[PDB]
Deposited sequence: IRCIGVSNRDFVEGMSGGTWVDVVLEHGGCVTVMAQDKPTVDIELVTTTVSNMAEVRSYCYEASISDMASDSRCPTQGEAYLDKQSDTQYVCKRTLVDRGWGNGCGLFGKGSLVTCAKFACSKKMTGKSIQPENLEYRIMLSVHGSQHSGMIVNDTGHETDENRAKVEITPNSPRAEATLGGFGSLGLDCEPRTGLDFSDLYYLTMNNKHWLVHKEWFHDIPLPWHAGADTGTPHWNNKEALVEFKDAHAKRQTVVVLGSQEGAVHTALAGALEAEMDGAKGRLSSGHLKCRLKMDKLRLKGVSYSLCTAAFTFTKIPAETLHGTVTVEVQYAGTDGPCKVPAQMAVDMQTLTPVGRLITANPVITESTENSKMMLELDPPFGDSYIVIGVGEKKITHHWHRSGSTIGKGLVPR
C-alpha cells in the first residue's frame, strides 16, 4: 500500500497466468503491479548506496599564510637564499630591490631578495573514487493485503526488503502467506562510474566527472597523504606582488567555494549516511517472476456482518479511490464484498478493483481494513457488503 498517496505512481498490468513482468523502478517513483489471480504488490526503489569509497584527492579552496620571512643581498653579492626554501610547507619568490648606501650596501643598484611564507589550508574538499562493484540498491515491497492505513506492527508479511548488488542482481523476497516474489534486475544499466568521482565539500556532496576533477586549478594533496598534508600547486592560491622596487608581498586568494559551487550547478547531488554515500538519483530495470506469488485469502468465506466507513473515501491523484471500513462481526477471516455499480438493482460490476482479494483477517470484533478501487469514468456507487446492511457511497470521477 506504500504507493497510495504518491504522485509519481505508475500502474503496470501483467498477463493473467503470466510468469514474469518487466518494471522500471526510479527514485521518487512507485509502481503498483497487478495480475489476475495474483495479489497486488507495490514496489519501490528507496535507496542507492555507494560503500567503501577510496579517497582520491583533496583540494584546498580556502588557505591562510603565516611566518613571513625574507633574505636580502647587496648588488653584486649574488642571489639571496632562505632556509625556508627547503621546507615544502613554504612558498617562496625572488625579485630585485633598490639598494644603496642608505640601506647598508656599499654599492648602488638591484639587490636580490627572496620572500617565503608558510602555507596552511583552512578549508578543503575531498574527492573519493567509486567502484561499480560496491553500489547496492534497496527495494521495498508492500502487498495490497487489505491492511488498513496506519498499519502499526507488533516479520511483517505485508512488507519485504530486498537488496541487489552488481554481483548479486537477483533476489527472492518471502511474503509469508502470499508466497514469494523473485526479482532479476539489471544493475549494469545506468550511469557509468568509470569516470565519476564522489566530491565532498563543506558537508555537501556531488557526483562529478573524473577529468573535470583532475583539471581544477587548486592546490591538492594525494589521497594516501594522511596527517599533515603536503600541498601541490600552492601557487594556485598564493601570489606575489611587487611595489615600487621596494617590497614584495604575498597574498592568498579568497575562498573559491562559490566558484566550485557555480561550476557544480549542472551536476548530480548526493548525501552521506555515515561512511556510506547515498544517491537520490538513478533508475533500475527489473523483471519480477511471480510464479510463487499467491493470494492468501482466496479460500476465505464471505463476511456476513455489516461494515461501517471509518473515514470518507478519498480520491488519489490518479483517480483511484481509497476505502477504509470497520467490521463488527466475528466470523473473520473472511472476504469483504466490495464492488462498484451504476444500477443498485442489477449490481452488475462496473470498473475494477486495484487491491485483489480484499479481506478482513481478525476474528475479533470491530476490526478495520482498507482497499482501493478503480472506478469507471462518470458516476458510480461504491457498494460494500451484501443484502440489507450493505453500505453505498456515490462517487463521480471527472
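Undergrad: Where the model has no C-alpha, note the corresponding stretch of the deposited sequence, numbering from 1.
TA: In the chain as deposited, 155-159, 404-414 carry no coordinates.
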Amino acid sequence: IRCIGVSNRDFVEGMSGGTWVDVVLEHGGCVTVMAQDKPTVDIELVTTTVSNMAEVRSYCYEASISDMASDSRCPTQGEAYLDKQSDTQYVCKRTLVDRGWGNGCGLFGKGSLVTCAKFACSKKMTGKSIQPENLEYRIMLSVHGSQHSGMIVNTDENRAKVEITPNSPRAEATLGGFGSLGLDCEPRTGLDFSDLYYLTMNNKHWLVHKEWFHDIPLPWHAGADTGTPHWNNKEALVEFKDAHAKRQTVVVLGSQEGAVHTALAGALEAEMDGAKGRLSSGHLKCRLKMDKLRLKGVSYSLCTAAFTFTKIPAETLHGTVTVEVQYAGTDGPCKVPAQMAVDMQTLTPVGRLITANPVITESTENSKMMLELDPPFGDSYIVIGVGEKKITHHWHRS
From here on, numbers count along this sequence of modelled residues.
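Undergrad: Which of the two stretches, 185-193 or 75-83, shows the higher mean Cα temperature factor in the record?
TA: Higher mean C-alpha B-factor: 185-193.
Undergrad: Return whichever of 238-246 and 220-228 has the greater mean Cα B factor according to the PDB record.
TA: Comparing 238-246 with 220-228, the higher average CA B-factor belongs to 238-246.
Undergrad: Which has the highest CA B-factor per the PDB entry: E372, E44, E62, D331?
TA: Comparing C-alpha B-factors across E372, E44, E62, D331, the top value belongs to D331.
Undergrad: Looking at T200, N154, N103, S142, which one carries the largest C-alpha B-factor according to the PDB entry?
TA: Of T200, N154, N103, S142, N154 has the highest C-alpha B-factor.
Undergrad: Taking only the Cα B-factors deposited for this chain, tell me whether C121 sits in the lowest, middle or highest third.
TA: Its C-alpha B-factor, which the entry lists for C121, ranks in the lowest third among residues of this chain.
Undergrad: Lowest, middle or highest third of the chain for the C-alpha temperature factor of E211?
TA: Tercile = highest for this residue's CA B-factor.
Undergrad: Quick check on the deposited entry: does the C-alpha B-factor of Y137 sit in the lowest, middle or highest third of its chain?
TA: It falls in the middle third of the chain.
Undergrad: Using the B-factor values recorded in the entry, state whether the Cα atom of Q345 falls in the lowest, middle or highest third among the modelled residues of its chain.
TA: Top third by C-alpha B-factor.
Undergrad: Is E55 in the lowest, middle or highest third of its chain when residues are ranked by C-alpha B-factor?
TA: Its C-alpha B-factor, which the entry lists for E55, ranks in the lowest third among residues of this chain.
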